[PDB]
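opening piece of a complex, kept in its complex position:
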Amino acid sequence: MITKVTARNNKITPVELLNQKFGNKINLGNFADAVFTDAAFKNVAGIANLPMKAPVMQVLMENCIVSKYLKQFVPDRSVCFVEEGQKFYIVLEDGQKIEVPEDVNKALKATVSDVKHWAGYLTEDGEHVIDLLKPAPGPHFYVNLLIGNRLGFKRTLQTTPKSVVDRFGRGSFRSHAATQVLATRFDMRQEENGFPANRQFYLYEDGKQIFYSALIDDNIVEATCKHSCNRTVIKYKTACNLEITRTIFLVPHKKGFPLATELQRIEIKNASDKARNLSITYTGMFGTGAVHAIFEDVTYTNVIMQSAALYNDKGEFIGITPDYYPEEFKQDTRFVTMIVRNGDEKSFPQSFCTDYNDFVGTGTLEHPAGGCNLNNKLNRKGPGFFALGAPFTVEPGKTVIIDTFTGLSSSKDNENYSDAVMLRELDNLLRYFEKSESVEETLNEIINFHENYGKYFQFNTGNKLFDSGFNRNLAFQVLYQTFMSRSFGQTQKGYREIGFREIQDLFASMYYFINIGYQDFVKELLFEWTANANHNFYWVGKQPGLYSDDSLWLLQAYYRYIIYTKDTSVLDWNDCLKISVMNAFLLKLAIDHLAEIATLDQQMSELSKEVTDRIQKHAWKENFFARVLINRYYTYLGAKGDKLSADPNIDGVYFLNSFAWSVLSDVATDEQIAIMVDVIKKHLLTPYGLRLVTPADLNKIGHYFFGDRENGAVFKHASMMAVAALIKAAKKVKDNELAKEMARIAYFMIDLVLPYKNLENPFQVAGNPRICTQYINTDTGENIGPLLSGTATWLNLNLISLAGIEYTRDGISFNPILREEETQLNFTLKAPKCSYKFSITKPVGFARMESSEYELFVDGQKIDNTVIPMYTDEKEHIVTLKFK
């Protein structure tokens, strides 16, 4: 009797119904937004001719003038705007082209001003400049990830602090494990990582509120955000003529500092002719110690703690701390402090509030009722809300600098802990940043650390956006994922520890660490993983012996480390495949790796010959290597004749990782690779990339709609593993025509993963332009989070492998697979005791050493041997490759 139309419908879209109605009459261009005027969907309102896909109608409807303008046409009939000349017209379906009124014309020119840049843009350094007024392509697009630095300090892996910062500075900030410094929010929307107050502040002038850092109002003229490598800067310009600048970053560790400390510097310049008397109120919510109780018992979280005030030597209030009664929540101690600088004169906040209800009162968080006058009451209960108030004058031209210090001390660093330990460490901190210049110096310390960390591998291509993306941005993400695994990002908030299989992240970061003299730290990591085999850990281990794969990955870390350093003085993967030929390929590589490890230190050389011939005989099911080999009852899963498909047109399930790992372990013969590549291109290759698996009815042996995650998505970690295999095969195989095709697919799939290209057509693609995301939805092509993904690790490994580098017993095996369009490729490479300056020239077309003729020069002299040795002479070597 009653109908149900879901979002996924073979039905027509607004833009399709715009073309069906106005296609022949007006000129619509390559792109055009539109929206339905009614709930029955019979009519549309649209705008013709945009420079890209964008939600222009959405932003148009925010203007009241345009909404009320359409009232005399919609919803009874359909309409479309058209930009003939510089004056806008409205087209009715009954012919007439009416010239729109001047106020309606005012909006339409302003709205369609810079649609090509609505998603922001990248600098030459790969920083994302964002406009706070424009809409987001998705929940991760305007997000930045910050990280501390605990290198050369006790337990780096567990203690290094971490925080997430969106374009308005919103989010949350953590110390060791899941310990919250600022409150994380566990609500219905991805967009809300933190409690809304976190990091925000108000400014008042003579009683009235004139500013709120999370509210763009009529008084704000310019408002931009620049996300960069390990800091975020947000600028504003008011109509009243103030230039406000927020800078957020995490403090790197010094002797005697708190375990976790986040710094926000707020500059305020008075650009007008007269001086102004203002006041700041800085707000935020501390995270609870009793995180589980937020669900089981919110009233418990409130009664177990109380607010406390902090005072220096001179009896001056400096800030607020939450004080807990239970001993288990006393092992961490939080704080927030403020320091107002006014040229020479440092000062502290003169008022405070610690009850959200009292602070907001009659109003809202954007316009509190009790915001100017704070009541200075310490709350007997939680939650740990705070507001720190201070007045200041700013003379005309001069700038007032306000520095905040939110943070945490902990028993995990200090033996015999108490709140007294936090009090010592907070003093150290406030002493260190006494002088104003101190903060700008520590920032440049951070900036330089990363610029210098990235120097291990630097592409000098023509495309500046690729170079910065790889040299700064990707390098950083791979660093970030070494410490954090998949534990903390925008939407990744709940308890995921450090995962055993995220040792994978080390495979890429290892060479970067060693080359800034942290070979010690790389050893420290290896052993901490080696200690466990277990499936998870942080301080102690969780879900022990759960997954079959975990143990096997460890060998690949040791192998990579040992081979690079010559240091012998050291000694299932799919989370939705509940029912392993993959593990056979891991073990085979693990056996053959340790064979190479032992020689450098006959048992394993023989063993691999047995271990291989087990798989290739029984696991090779005619057309494709199997995935799960059932010997329990249905003979197998993952080939021709498994009898487990959910597609009339496809015979069987085909797992991409069965191909990938057969090649990576050197099991599959050239005949088998050429057969699997044809299977891959038929089914697993889509317009949006290589998908993880073909359709399959696992009920006879889901959670997501088709396209998301496991049900047929382009899972980018798995697809980068396939590219790793394709690149390996394109170097080795006999057939050059196959080699060409495998490199064709590798570079095709790389262009769908490189973050910077997300800014080409961003309201379709989304993702994040500086940070690799998890998967591409195969209905929309939308890059979906989280921002923590093995994609980056393997994207890093792959680009370098394409560039030619491959570390072996004798040194570097150099075998570059350039793009068919590229004629030049240049990159600097570092080694522990030397450097290299690589430079490859080739004619247009496919070229590799196994087929094409070439000359290979190292410091003049011309080696026919493709291996380049690891020099220890402390000098930049010039390597040149000329393909004929």
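Sure thing, it's come through. Numbers count the residues shown, from 1 in each chain, chains lettered A, B, ... in the order given.

is residue A:300 located within a helix, as I assumed?
Yes - under DSSP: H, G, I helix; E, B strand; the rest coil, residue A:300 sits within a helix.

pretty sure it contacts residue A:294?
No - under the criterion of Cβ atoms under 8 Å, residue A:300 is not in contact with residue A:294, lying 9.3 Å apart. In this view, the C-beta of every residue, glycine as well, is placed from N, C-alpha and C.

tabulate the CA atom coordinates of stretch A:552-572 in PDB.
The C-alpha trace of stretch A:552-572 is given here as PDB (Å, rounded to 0.1, in the frame of the first residue of the first chain):
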ATOM      1  CA  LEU A 552      54.800 -14.400   9.300                       C
ATOM      2  CA  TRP A 553      55.200 -10.600   8.600                       C
ATOM      3  CA  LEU A 554      58.000 -10.200  11.200                       C
ATOM      4  CA  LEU A 555      60.500 -12.000   8.900                       C
ATOM      5  CA  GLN A 556      60.000  -9.300   6.200                       C
ATOM      6  CA  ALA A 557      61.000  -6.600   8.700                       C
ATOM      7  CA  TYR A 558      64.200  -8.400   9.800                       C
ATOM      8  CA  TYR A 559      65.100  -9.300   6.200                       C
ATOM      9  CA  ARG A 560      64.700  -5.600   5.100                       C
ATOM     10  CA  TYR A 561      66.700  -4.300   8.000                       C
ATOM     11  CA  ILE A 562      69.500  -6.800   7.900                       C
ATOM     12  CA  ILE A 563      70.000  -6.400   4.100                       C
ATOM     13  CA  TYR A 564      70.200  -2.600   4.300                       C
ATOM     14  CA  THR A 565      72.600  -2.400   7.300                       C
ATOM     15  CA  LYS A 566      74.400  -5.800   7.100                       C
ATOM     16  CA  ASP A 567      73.600  -6.000  10.800                       C
ATOM     17  CA  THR A 568      73.400  -9.700  11.900                       C
ATOM     18  CA  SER A 569      74.200  -8.500  15.500                       C
ATOM     19  CA  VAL A 570      70.400  -8.300  16.200                       C
ATOM     20  CA  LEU A 571      69.500 -12.000  16.700                       C
ATOM     21  CA  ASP A 572      44.200 -14.300   8.100                       C
END
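
for it, buried residues please.
Neighbour-count burial for stretch A:552-572 flags A:552-565, A:567, A:572 (criterion: 16 or more other Cβ atoms under 10 Å).

got it, and stretch A:300-309?
For stretch A:300-309, burial by neighbour count (16+ other Cβ under 10 Å) applies to A:301-302, A:304-308.

just the CA atoms of it, as PDB, please.
Below are the C-alpha coordinates for stretch A:300-309, written out as PDB (Å, rounded to 0.1, in the frame of the first residue of the first chain):
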ATOM      1  CA  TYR A 300      30.200   7.800  37.500                       C
ATOM      2  CA  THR A 301      32.500   9.800  35.100                       C
ATOM      3  CA  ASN A 302      31.200  13.000  36.700                       C
ATOM      4  CA  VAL A 303      31.400  12.100  40.500                       C
ATOM      5  CA  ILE A 304      34.800  10.500  40.400                       C
ATOM      6  CA  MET A 305      36.600  13.800  39.600                       C
ATOM      7  CA  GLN A 306      36.600  17.500  40.500                       C
ATOM      8  CA  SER A 307      38.200  20.700  39.100                       C
ATOM      9  CA  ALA A 308      41.400  22.100  40.600                       C
ATOM     10  CA  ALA A 309      43.100  25.500  40.100                       C
END
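
next up, chain B:
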Amino acid sequence: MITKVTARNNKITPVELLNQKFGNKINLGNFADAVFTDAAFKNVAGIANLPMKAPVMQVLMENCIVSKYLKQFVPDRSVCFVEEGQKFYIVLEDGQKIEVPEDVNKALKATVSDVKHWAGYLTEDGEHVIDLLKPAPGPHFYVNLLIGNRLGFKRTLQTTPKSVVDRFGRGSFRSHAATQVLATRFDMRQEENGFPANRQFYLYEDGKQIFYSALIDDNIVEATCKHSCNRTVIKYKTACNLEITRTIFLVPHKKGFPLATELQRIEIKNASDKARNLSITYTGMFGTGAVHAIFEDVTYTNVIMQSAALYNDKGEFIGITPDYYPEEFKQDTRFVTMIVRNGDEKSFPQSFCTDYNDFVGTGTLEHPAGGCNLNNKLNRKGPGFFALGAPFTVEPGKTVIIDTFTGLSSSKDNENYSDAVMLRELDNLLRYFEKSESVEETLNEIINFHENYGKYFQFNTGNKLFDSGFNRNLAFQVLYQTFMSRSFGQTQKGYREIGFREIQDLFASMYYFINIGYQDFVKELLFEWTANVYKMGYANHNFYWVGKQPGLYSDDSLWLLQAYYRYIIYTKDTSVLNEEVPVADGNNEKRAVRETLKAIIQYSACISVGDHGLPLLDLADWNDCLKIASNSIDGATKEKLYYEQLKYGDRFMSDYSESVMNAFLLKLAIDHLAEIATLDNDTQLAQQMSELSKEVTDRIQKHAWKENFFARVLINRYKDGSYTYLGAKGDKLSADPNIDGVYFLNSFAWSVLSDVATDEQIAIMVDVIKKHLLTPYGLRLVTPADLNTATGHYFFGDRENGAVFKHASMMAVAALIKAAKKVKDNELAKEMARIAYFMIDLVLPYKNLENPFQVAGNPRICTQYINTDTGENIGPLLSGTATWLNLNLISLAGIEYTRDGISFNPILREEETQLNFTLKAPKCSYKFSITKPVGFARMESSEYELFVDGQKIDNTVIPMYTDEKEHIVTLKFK
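With chain B added, the chains above now look like this:
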């Protein structure tokens, strides 16, 4: 180097520093608010002489005029306002009383206008009228609880819907178990039960936004909320001259309706001379099916679902539903619908939005950017946000009525479920409420159900606020807690099932149900609880659809007997005693009630006992924070380890700590079933238990009576014999230099309730109680104690560390009232009634409105405990307090059901001279009326005359009449 001042460590308060500075100079009155002008706390700003404690300075600082006025005095020096004459003055500490400016005087008169009513007020019907502008005394004070009605439908207890509504209509709404219809919020603040959008709406006029139901702005003139029995009404009046009225209530169940449906009727009257063209946008967030994932994986909760639109026969959009992919989240199907009425013409919404980001846009939730023009896009992802838009004209004088229908259908009612089942049921619903009058009729159906449910017991005292509080409000809470236990309120949001020991709630509601002809439902409940008992005598600890954790906590089983006893005695219905009920042990096996009650007593008396005869404690008992014993055997560990020793009757091989509380429960359980068996025409089973109680009693009173007080846990486990017991003189377990031992209030209470303690023992325990357990804020649960290695979780005053726990303190009052009727000493009896009435005045919700910003709580609903530092009544609003407060007030009024009928023995207050109440029985009625002179009076001591329909009976027992006529009972104390 750096100092740390905590809230509790902070020496002087602002009001104390106001008195230290202005005490001798000005007159400050009994009450006065103040605030510190600086962070060092050296100076204060205050207002002298308020009619009660109130946060007046807070509300004063919201006014900009007054904030800037103080800038020329604070923060360097201290200040106080004083109302000398009708002009306000500011007093400096350096003498001068300066007359404040006229704009500052304008505010101060307006602010201190009605401080006596800032927390609202109660009507004569016990409805709480609330002002949306004034601040709340606490997070539960302006909250109301709503409940559906599944009586005479499949699985009442599990399927009855429930919702919580604050003064702005904010909150969340649930169907069976923890299934969310509207989104619950699991955040940092108690104040936020729901997603903020839930139940709110906007109104627009000619492009602009002119209203938001959760924002009082300059355009709002009047804005009040009236919380009542099972509905909430919120009224507004705008400057532009609109009279907006929201009415929220849950629909009672009809044939073929959805399992859960919530109705909000929005009336909008145009009081002005000209007609207006407006539009409404109604918003809300559906609850996720994947509730766990909100914490573990928020992105999962979003991708597993998508929005869907609903259309009727005529191709007209009616509303929105969230559509899930996983089969496990397809077993419930949600909806929201709207119907705009404009006299004769009913209509549906013309637009919609389902992406929070698109709807809010550049703005905020209070002022969305995309609010007037909705984009009609179905979201491919969650979460389940919705906005339903409709235009309408309202002629001058006429009213536009908008009715919403948010709700849920489910497989738990319907066999072979799909989304098609929800679609059938939504049609039924929208057919039923087609006519406009229909909704006002179903409301009056609800109102009448409760007015008529309450008629079981009605006080007709002088105090109207007491009467309505007991007759309407308490009655309702006790109903609400029968269905919901402690599962769903404002702050009680996480998974708590139906607890076995919350059968206690039935003890009070039972007599109300039977007297509206739902003796069937009362039987249905009894059996559902009884089901969870095993063939042995132990039982499960909790349940919802299936029951779990058998014999885990030691008390649970024993409470069931008190339910059966109370039911049987009231109805004389031994036919329940011979009925077969599904066991929790194995197979599809039945056993008779007679043996299910025989086994329960046989377990706690013979099987699971210790050294000195009394029952074992296993893991724990009634106290949820008394974890002690090492290695506790489970109910079916013992059913496998009782078989091990033997290779009925003989005791279980252990030396575990014996719960002395459980000994009193078992003793009453044994003595109750003794009374049950005799009435079940049985001389043998009565003779079985009659002897048994004599043995069961003399076990306790000999070994458990530790000189000055009955013990709590009798530890019989340590070989060396250091620790002989817990809970008396000489236990050697106190954490107070000035007190010898731990003293548990429930050890007193249950010794009296089971009729174990002699009059000598009661008089001794009452002196112990008054020394330590009696505080200004009531009877506390236990004295300080180093039970050690677990240390405390709460500061002193909250919950377990020395709070006045009101469920436990009402159990103590039950004992005090019992003892005040029976005992020989009238001077003791007097004193025990003195304490009973003292503690009752700290629990009755209506008295919270006397000094509410100190006391908080909630004026219509009993809360959990009183903090003994502040006197603040702390939530949650679901508490055994109400159940026992109900039992206690009735027992004080004289009523006590026995074999022969009503044992009438009233303990009036010493101030009261009159007391009248109507009582209902299954086949008759009573009109009680007691007159006495000022002073203490009881039948055991004072002389009296007792009249029943004229004639004067010397027998104090009044029989249960079956003549269908109102009997007049009169008591005159000389």
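
I'd like to know which elements the lengthiest helix in chain A is packed against.
As assigned by DSSP state H, the longest helix anywhere in chain A is helix A:581-600. Taking 3 or more Cβ pairs under 8 Å, 6 or more residues apart in numbering or on different chains; DSSP states H and E as contact, the helices and strands that helix A:581-600 lies on are helix A:550-565, helix A:603-618, helix A:656-664.

switch the cut-off to 10 Å
helix A:550-565, helix A:603-618, strand A:624-625, helix A:656-664 (3 or more Cβ pairs under 10 Å, 6 or more residues apart in numbering or on different chains; DSSP states H and E).

from what I see, residue A:584 and residue A:625 are in contact.
Yes - look at residue A:584 against residue A:625 with Cβ atoms under 10 Å: they come within range, at 9.0 Å.

neighbour-wise, which of those two wins?
Using other Cβ atoms under 10 Å in any protein chain shown, the more surrounded residue of residue A:584 and residue A:625 is residue A:625, with 29 against 25.

next, count neighbours for the residue nearest to that one when sequence neighbours are not counted.
Nearest residue to residue A:625, sequence neighbours excluded (Cβ to Cβ, 6 or more residues apart in numbering or on different chains): residue A:658, at 4.5 Å. Residue A:658: 26 surrounding residues under other Cβ under 10 Å.

the residue most central in space within chain A: helix or strand, and which one exactly?
For chain A, residue A:787 is the residue whose C-alpha lies nearest the centre (Cα atoms, centre = their mean; 3.2 Å). Remark: residue A:787 resides in no helix or strand, with elements defined by DSSP states H and E.

same deal with the one 4 residues further on?
When secondary structure is defined by DSSP H and E, residue A:791 falls within helix A:790-803.

near chain B at all, that helix?
No - remark: helix A:790-803 sits outside contact range of chain B, by Cβ under 10 Å from any Cβ of the partner chain, the gap being at least 15.6 Å.

how far out from the middle of the chain is the following helix or strand past that helix?
Beyond helix A:790-803 in the direction of the C-terminus, DSSP H and E gives the next helix or strand as strand A:811-813. Going by Cα atoms, centre = their mean, to the nearest Å, the spacing between the C-alpha centre of strand A:811-813 and its chain's C-alpha centre is 32 Å.

okay, buried residues for strand A:811-813 please.
residue A:812 (16 or more other Cβ atoms under 10 Å in any protein chain shown).

give me the number of residues near residue A:481?
Residue A:481, neighbours per other Cβ under 10 Å, totals 27.

show me what contacts it?
If you count contacts by Cβ atoms under 10 Å, 6 or more residues apart in numbering or on different chains, residue A:481 has them with A:145, A:487, A:489, A:502, A:504-506, A:508-509, A:772, A:787-793.

that one: what secondary structure?
Secondary structure, three-state DSSP: residue A:481 is helix.

then residue A:772?
Per three-state DSSP, residue A:772 ends up coil.

repeat that for residue A:267.
Applying three-state DSSP: residue A:267 is strand.

give the closest residue to it in space, chain neighbours not counted.
Counting by Cβ to Cβ, 6+ apart, residue A:267 lies nearest to residue A:245, which is 4.2 Å off, once chain neighbours are set aside.
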